[PDB]
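For reference, the structure is listed below as structure tokens.
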Amino acid sequence: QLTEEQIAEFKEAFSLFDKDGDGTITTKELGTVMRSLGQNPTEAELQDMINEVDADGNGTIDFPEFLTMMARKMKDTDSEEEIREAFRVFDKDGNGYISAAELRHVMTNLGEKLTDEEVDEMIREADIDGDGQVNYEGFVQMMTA
Amino acid sequence: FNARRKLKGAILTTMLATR
Ligand SMILES: [Ca+2]
Ligand SMILES: [Ca+2]
Ligand SMILES: [Ca+2]
Ligand SMILES: [Ca+2]
Numbered sequence: 004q005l006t007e008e009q010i011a012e013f014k015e016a017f018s019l020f021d022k023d024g025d026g027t028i029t030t031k032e033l034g035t036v037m038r039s040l041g042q043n044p045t046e047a048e049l050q051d052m053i054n055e056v057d058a059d060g061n062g063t064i065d066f067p068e069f070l071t072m073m074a075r076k077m078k079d080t081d082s083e084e085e086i087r088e089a090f091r092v093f094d095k096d097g098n099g100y101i102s103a104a105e106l107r108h109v110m111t112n113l114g115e116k117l118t119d120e121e122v123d124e125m126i127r128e129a130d131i132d133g134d135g136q137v138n139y140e141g142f143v144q145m146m147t148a
Numbered sequence: 294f295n296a297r298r299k300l301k302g303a304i305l306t307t308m309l310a311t312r
């Protein structure tokens, strides 16, 4: 039930990396997402990231090869920090709140075109106090419940 | 479109993409 939920979230995350929707993640797709979120991975780094989880050596990541990789992760001493790093990526103006415009910008980077209604619904799900923006607590609770 | 699932998926993607 919690595992059912978790696999669906993992499939969603997979689908967000899979920009072209062909059912596999390429090094180019990983690089495009990482750059769009600000970063600068090297070619050597992108290739390493694939090469560790690429169990059949075809050079791309299919969902089992992504799903196994989530099956390795454990709750650790950097678990809460990891969520905080992600929050900081969404919060583009650094005011401590995720606005609708910030959320929409992230989703567009992840190959998703959301309607106004879809972005609103996402804010509503995470917006605890109903002020129309998402605080850090809102964000953390998303990944707890 | 599941708003909850989508937001959790995007956070996980962001976590992976940033470590
Ligand atoms: Ca793809
Ligand atoms: Ca593969
Ligand atoms: Ca902000
Ligand atoms: Ca709020």
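Chains as they are written, first to last, in the UniProt record's numbering: chain F, 4 to 148; chain R, 294 to 312.
From the three backbone atoms N, C-alpha and C, an ideal C-beta is built for every residue, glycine too.
Nearest residue (CA-CA) to residue i, options the options
i	options	result
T27/F	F13/F, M110/F, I64/F, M77/F	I64/F
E140/F	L33/F, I86/F, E7/F, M52/F	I86/F
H108/F	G41/F, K31/F, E7/F, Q9/F	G41/F
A103/F	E84/F, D130/F, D79/F	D130/F
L300/R	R75/F, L19/F, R91/F, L5/F	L19/F
According to DSSP, residues forming a beta bridge with residue i
i	result
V137/F	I101/F
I64/F	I28/F
Beta-carbon neighbours of residue i, restricted to chain R and to distances below 7 angstroms
i	result
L19/F	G302, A303, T306
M146/F	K301, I304
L113/F	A303, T306
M125/F	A296, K299, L300
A89/F	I304, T307, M308, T311
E12/F	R298, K301, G302, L305
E140/F	Residues of chain R passing the Cβ test: none, with the nearest at roughly 14 angstroms.
Residue i: contacting residues in chain R (beta-carbon distance under 8 angstroms)
i	result
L40/F	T307, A310, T311
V109/F	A303, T307
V36/F	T306, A310
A104/F	Residues of chain R passing the Cβ test: none, with the nearest at roughly 15 angstroms.
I86/F	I304, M308
> What residues come near ligand 4, if near means a beta carbon less than 6 angstroms from any of its heavy atoms?
Replying inline: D130/F, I131/F, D132/F, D134/F, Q136/F, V137/F, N138/F, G141/F
> Relative to chain R, which residues along the UniProt domain "EF-hand 2" (44 to 79) of chain F have a C-beta separation below 7 angstroms, given in chain order?
Replying inline: none
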